[PDB]
């Protein structure tokens, strides 16, 4: 599910065939390579790509491996990162934020004011020191989490994940 690595720099002339060969040479379980081509000449790539592995284990072993100095792929010029699902979506994706580390003085209203900046809230539900924040659309949750995570609310650094759906 988390099975894709981001690769920050590859030679922009290399085809998807050649990227598969190169990275398949030095890691196990490589299963796909997702390339974007320079729209002005479809034959070149945009200088980055995604590596897909059969599972998250494999992708995880591969990342460690490519990050070790133990082996070199086209110079190791850029970083190899986990892919960010926020960044490349894809189906009812989750528009509920789970917020923890809520200071004593934080109310449902204060939560509404702070999180309303990013899009229409459907409901704020505060518990003891954590809260559920229902956004009308996923894009509002994505923005709220990106901008608010780790931020100070009433003296407390709040921590934000997408909620686990009860389904």
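Here, residue 1 is simply the first one shown, and the rest follow in order.
Yeah, the Cβs are placed from backbone N, Cα and C, and that goes for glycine too.
Taking 25, 120, 125 one by one, Swiss-Prot attaches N6-acetyllysine to 120. The chain break between residue 90 and residue 91 spans 3 missing residues, with the CA atoms of the two ends lying 9 Å apart. The two recorded residues, residue 120 (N6-acetyllysine) and residue 130 (phosphotyrosine), have Cα atoms 20 Å apart.
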